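Enquirer: Model the structure of this input:
(6 chains)
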Amino acid sequence: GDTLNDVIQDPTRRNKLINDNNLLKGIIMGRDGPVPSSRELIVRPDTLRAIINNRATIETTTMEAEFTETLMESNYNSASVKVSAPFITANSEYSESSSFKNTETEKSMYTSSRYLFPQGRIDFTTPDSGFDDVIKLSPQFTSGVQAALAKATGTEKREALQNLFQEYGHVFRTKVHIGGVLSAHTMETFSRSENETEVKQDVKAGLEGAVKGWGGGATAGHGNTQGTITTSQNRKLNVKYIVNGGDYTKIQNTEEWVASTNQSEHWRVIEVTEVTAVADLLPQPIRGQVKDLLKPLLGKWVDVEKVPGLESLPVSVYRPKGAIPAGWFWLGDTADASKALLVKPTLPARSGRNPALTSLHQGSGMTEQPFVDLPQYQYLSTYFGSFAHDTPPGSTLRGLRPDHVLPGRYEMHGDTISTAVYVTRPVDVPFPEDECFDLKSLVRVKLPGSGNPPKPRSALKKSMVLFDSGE
Amino acid sequence: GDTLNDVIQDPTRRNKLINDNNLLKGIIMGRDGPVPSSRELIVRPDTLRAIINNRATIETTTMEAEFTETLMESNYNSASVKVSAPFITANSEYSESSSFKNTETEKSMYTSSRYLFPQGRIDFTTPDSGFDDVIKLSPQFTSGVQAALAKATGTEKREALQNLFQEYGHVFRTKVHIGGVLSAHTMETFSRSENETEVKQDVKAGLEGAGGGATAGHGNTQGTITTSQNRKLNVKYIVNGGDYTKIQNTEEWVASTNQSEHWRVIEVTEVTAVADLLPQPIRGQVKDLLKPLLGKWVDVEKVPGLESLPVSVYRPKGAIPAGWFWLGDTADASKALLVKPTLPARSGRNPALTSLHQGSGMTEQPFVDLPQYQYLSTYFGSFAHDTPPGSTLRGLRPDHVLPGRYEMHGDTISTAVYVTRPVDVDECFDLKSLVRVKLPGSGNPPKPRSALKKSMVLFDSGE
Amino acid sequence: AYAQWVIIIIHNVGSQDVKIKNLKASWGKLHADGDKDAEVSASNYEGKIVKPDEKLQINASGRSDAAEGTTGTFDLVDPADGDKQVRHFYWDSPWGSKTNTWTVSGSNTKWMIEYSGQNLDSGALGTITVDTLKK
Amino acid sequence: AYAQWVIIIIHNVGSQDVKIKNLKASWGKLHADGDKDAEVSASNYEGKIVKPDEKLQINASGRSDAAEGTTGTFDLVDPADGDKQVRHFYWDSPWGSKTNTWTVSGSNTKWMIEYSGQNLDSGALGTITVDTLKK
Amino acid sequence: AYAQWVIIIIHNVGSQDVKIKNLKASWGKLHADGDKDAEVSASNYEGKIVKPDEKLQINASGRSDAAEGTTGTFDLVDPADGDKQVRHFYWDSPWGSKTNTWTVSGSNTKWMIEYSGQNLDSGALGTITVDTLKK
Amino acid sequence: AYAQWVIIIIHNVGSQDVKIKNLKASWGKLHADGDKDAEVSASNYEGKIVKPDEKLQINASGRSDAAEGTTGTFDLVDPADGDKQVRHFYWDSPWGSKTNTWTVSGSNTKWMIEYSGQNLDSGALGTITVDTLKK
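Expert: Numbering: from 1, shown residues only, chains lettered A, B, ... in the order given. Please find the structure below.
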């Protein structure tokens, strides 16, 4: 019964574990999702720090729900009439009936099985820990960083760093759990609809009479029946198996997969409990420079001017004073009378890269509010006035990539809904990291028009803006 | 439990993986489809960059839908009349009935299963990355490129490049996923129809008198049963990787997914142009010579007589020079774009430009001769397929154009005109092509929407 | 009478002028847009030029309570080539007969014609759109 | 009777699809083209999509001796935006009354719609061509 | 009668002013907010300018339980460009007929309107909000 | 009768969901929009959630010859706070009596409420809007 200790004490097995799990390679955080890097980011260590955990778990959950609803209705109407006289008699009848039945059935079943067979946890030492066993960055990565920071101009440095981190990855796994996990999920949905109808209608008549033996009779009869049966049925079954660790060739055979969980050659990383930014692994003077250069936006504090008009609102509305300097942008209307924030992108536009800022365009219908040119982006304020797509100050108002913004908290002003305007404020956090700017952005709750866009509820991250970069 | 690492650290296994997967060869994106080139484009590397990924997945989806609609109707009519005297009595009876039944039942079944057993991803280093393990082009390919660029005239160079890229390929797979994938798909459809009709009719009559009697009788009936049903079953199996002789045993195929000798490329996540592998001064020249069309901005003049429209209509001014063609009516008041093919017409090669023929009937608009092509502007006038400017008006290959966007002008439908614009993203010329919304007459061709790609036109070039 | 009318929209979907000629209505009267009481003559239609992508409307209706239907003929000609008869169109919405007739006659290959809207069987003849196209 | 009849030609000159819904006829019956005897159920047009440059023709007329004329309503709805309403059309060609009504209602500034040919003065409604162009 | 009543809620939702002109009630009367007995002449509403955040409400109803309906018209005009016609709106609440008429007319691609809350079926016309956007 | 109608619009200007419950019409019936013959049961709204910038329209009208007017109550509640009662609205458009009553009750400092567009003196209630905002 071998464990991670036996693997780690053997150079062949230890190196097989390192290689088969990409433990020397960082993870690239592309917009399509995380993928391992093919470049080795750290130097191969002589040993690994591990702890042993063999507490296996199997958990199976089954849930079934059924519902049936049968409706029945029926009607009958009858009429009978007779007239008489010593010479003639007459008669009629009318019988009508209707029937209706409807049945709706819904069933649902889902089963979820998870087999968790851990082996332990492997830890790497980050420089901030201060311990002597520490992951050494590969000389090639250090050389690449030096070459990037050696470029003449800031944009060249930034593009070199972008290429370097696209090749080497943006994060590194410093704690990983080794073992094998097998998962199964079944979903079955069923529906049936039965509808049945019947209509009948019978009519009858008669006439009879006689005089002096010159008798006679007549009769008539009409009937009519209609029927309908409509039946509809649907079934959907979806089954998915996922294996991560163990003998994958035994994915469809749970017993043999479980039997294979003790074989070292199949142990895999089943979860990551610590991830470190690849920039955090650098020496400090290089670390700060790399962090600064990776910020998507520059920043500048500017004078502000109250926007005249708007006398009816409870709070004064302010905007950038003067023209926005060339190449810069502004983010919305604010109650801050002291200053407002200007931003400029740091990276040019390139294929396969989502820009930090998006342009805003005048609304399609019944709304003077701006709309984001790209789908998921956001802007921090409503527009108090008519949004000019092509002229200042509207031409330089910009929205933000969604990763730049975090939800804020409103702060309402005004007694009545006709003048209720929010002063968005940052959500306070214990970590002084996800901190956002107290721009005091204004959002009017009731926009007069129709088809208006979603009410802004976001503040800008401080970690995304670079000040005093002298650029 | 071998992975791609064990394969790559062994020269024999590594070279077998390279050879059986055509990793040294580009893909000839031909008219028909991609097919790998038989020639080696890059020099064999001493090692491969790889990551390991063994997160195997099995997914099955089954869907059944069935429907039944049954209709029934029936009628009857009955009458009887009788008369009497102390010397005669006459009576007659009449009855008829019709019945009609109809059942339509439809069934559908759909089973799709996918077995995905990955092994990892293999990456090649392209020159633009700047790393030292860059792939090296085959000396034969470089010599071929040099010889193509050495030809006397530019058309000779273009034809040489075309032959070279038909041999070696147009794209090179730079990131590939290795493993095995097996797919099974079943579609079954069933329809039945049943119909039944019955009709019958009767009459009776008789007489008595004085003493006497009589009799008569007449039965009559009709019946019909019509039944029809159809069933179609289709099953398709696809195997890519693993032991392909185990395609029909899903269990013996998932067992062979650990045998490295059967690992195959199951998807490509990065493909790079073969031109983008060349040195820069040669790369630029090759990508210039590969452009299908030469370009030339010319002056524009207004087509007068279109007063009832929001905007003035402009066409290339003057006569179009020898060998050039124009691409439709535009709203831009300053310039229009002329184009000219770079490659001569040759068997098995789709021309860049299709001629336009006056429409079938009840439309005075031009139509594309070649089927899938497109032209950018509605025609504001009587299209002459024989005389200028219509003689020199062309459409484009579907690869030359991308969908644009409309900027509607006009207060009324019978006045409104679209000006199509590039969708700022693959840049496309902002040519300002016009597209009337309400075309007079009927049988008109579909309204143009697309705009011309900038990557397809070679300006300057001294041609 | 007013229960019988016809609206004729000569619509020049081509790029050359079509000239209306010899408009003559025997039964009923020519009226004007909407108002069937505003009797109008033929001098306002005869000899006119229908430019390309332009519509010319003829509205005719039987006289007010005359137990009389509507009937007339007009000829489209080609001004370029000496008023050569392009087509001759005859319409009839008789009061006596429930059937209604719209006949496109004459022949000139140089011109292509199509019509829609005509209601011949019962009631008023309806409104007819005539798309003309020199081709 | 058949003397009261309406033909509606919805012409989707626009670039985006349009749908018809709530096609209910209180008076009159829907019939095929050119044969009022060919009654067609309302389901033949329920949910129909008129693609660009396609004309949809719906004809209604009152049965002979009905003395009922023909009345009904229908709605145009943009398939996108959850079948958002485009316009509401109501038509009426009553028999006893000597006036016909063709009303268009609804406020959708995204769709631009025009129509012509309606005749309200006397008799049947006529043939109406409604142009639809979403913006 | 007071049973015939209408509320015109003109609500500017653009940023440019609009002006009421030609506002006259042919039938009925015009009263203050809420109360119908406090009749008010049209002079107080003729020529008034509506600002972007402002609402102007007209309260028109028939004569006091005298079986008199209420009807009128008004125009919205652009004081910016010299009072060019924006839209002509007509309302009618007739005692005789339970049906109600709300018609909007005019033409501007340089201005947009949306209205809601109108009830033409039966009863009082009802309060109707017309949002005005100078697109 | 249909001559007594009411239209209520819940307009969720605020940023938080609002749930509608206890929608009961003591007098009259709840119908769809633009068609008074399309009755809708109260279950179609009971518990319905209205999101920000989403309008919930409920149209009530006295049945034909009802002579009972249109009356009822509904409740707006907070989806959070355990279905806490936000406001209790009672509307009454009596057929017999000219005076109407629209009243608001319920205590929530959490939600600000505005309502307008209701007639209280004579005739029908009218069309009413209620602006819901979660202070």
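Enquirer: Where do the strands of chain C begin and end?
Expert: Taking DSSP state E to define them, one finds strands in chain C at C:5-12, C:18-25, C:29-30, C:49-50, C:55-61, C:70-78, C:84-93, C:101-105, C:111-116, C:126-134.
Enquirer: Dump these into a markdown table; add distance to residue A:411 as well.
Expert: To be clear about C-beta, it is placed using only N, CA and C from the backbone, and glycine gets the same treatment. Formatted as a markdown table, the strands of chain C follow (distance: least, CB to CB, whole Å):
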| stretch | distance to residue A:411 |
| --- | --- |
| strand C:5-12 | 63 |
| strand C:18-25 | 71 |
| strand C:29-30 | 73 |
| strand C:49-50 | 68 |
| strand C:55-61 | 62 |
| strand C:70-78 | 75 |
| strand C:84-93 | 74 |
| strand C:101-105 | 74 |
| strand C:111-116 | 65 |
| strand C:126-134 | 63 |
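Enquirer: For the closest residue to chain A within chain C, give its distance to chain D.
Expert: Chain C approaches chain A most closely through residue C:53 (29.9 Å), counting by CB to the nearest CB. Using CB to the nearest CB, to the nearest Å, residue C:53 is found at 14 Å from chain D.
Enquirer: What distance do you get for that residue to chain E?
Expert: Counting by CB to the nearest CB - residue C:53 and chain E are separated by 21 Å.
Enquirer: Am I right that that residue is in contact with residue B:440?
Expert: Yes - under the criterion of CB atoms under 8 Å, residue C:53 makes contact with residue B:440 at 5.2 Å.
Enquirer: Please work out which residue of chain A is closest to chain F.
Expert: residue A:446 (4.6 Å).
Enquirer: ok now do that residue, which residues does it touch?
Expert: Residue A:446 is in contact with A:417-418, A:420, F:13, F:131, F:133, counting by CB atoms under 8 Å, 6 or more residues apart in numbering or on different chains.
Enquirer: Now narrow those to whatever sits close to chain D.
Expert: The subset of those within reach of chain D, by CB under 8 Å from any CB of the partner chain, is empty.
Enquirer: Can you tell me the closest non-neighbouring residue to the spatially most central residue of chain A?
Expert: Per CA atoms, centre = their mean, the C-alpha nearest to the average position across chain A is that of residue A:376, at 10.4 Å. Excluding the flanking residues, the one nearest residue A:376 by CB to CB, 6 or more residues apart in numbering or on different chains is residue A:402, at 5.0 Å.
Enquirer: Distance check, that neighbour against residue A:459.
Expert: 13 Å (CB to CB, to the nearest Å).
Enquirer: Comparing the two, which residue is more hemmed in?
Expert: Neighbours per residue, other CB atoms under 10 Å in any protein chain shown: of residue A:402 and residue A:459, the larger number sits with residue A:459, 24 against 14.
Enquirer: my read: the more buried one touches residue A:381, true?
Expert: No - with contacts counted by CB under 8 Å, residue A:459 stays clear of residue A:381, the gap being 10.9 Å.
Enquirer: okay if I get the strands of chain C as a markdown table plus mean neighbour count?
Expert: Formatted as a markdown table, these follow (neighbours: other CB atoms under 10 Å in any protein chain shown):
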| stretch | mean neighbour count |
| --- | --- |
| strand C:5-12 | 24 |
| strand C:18-25 | 19 |
| strand C:29-30 | 20 |
| strand C:49-50 | 14 |
| strand C:55-61 | 21 |
| strand C:70-78 | 21 |
| strand C:84-93 | 20 |
| strand C:101-105 | 14 |
| strand C:111-116 | 18 |
| strand C:126-134 | 23 |
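Enquirer: does the residue nearest to residue A:38 when sequence neighbours are not counted have beta-bridge partners, and which?
Expert: Distances taken as CB to CB, 6+ apart place residue B:49 nearest to residue A:38, at 4.1 Å, with adjacent residues excluded. Beta bridges link residue B:49 to residue B:123, judged by DSSP bridges.
Enquirer: and the closest residue to residue C:130 other than its chain neighbours, what does it touch?
Expert: Spatial nearest neighbour of residue C:130, excluding adjacent residues (CB to CB, 6+ apart): residue C:115 at 4.7 Å. Shown in contact with residue C:115 (CB under 8 Å, 6+ apart): C:102, C:104, C:128-131.
Enquirer: so which of those comes closest to residue E:44?
Expert: residue C:129 (50.6 Å; CB to CB).
Enquirer: so what's the closest residue to that closest one other than its chain neighbours bridging to?
Expert: Using CB to CB, 6+ apart and skipping residues adjacent in sequence, the residue nearest residue C:129 is residue C:9, 4.6 Å away. For residue C:9, the beta-bridge partners under DSSP bridges are residue C:57, residue C:129.
Enquirer: wait, isn't residue C:9 in contact with residue C:132?
Expert: No - Residue C:9 is beyond contact range of residue C:132, at 10.7 Å (criterion: CB under 8 Å).
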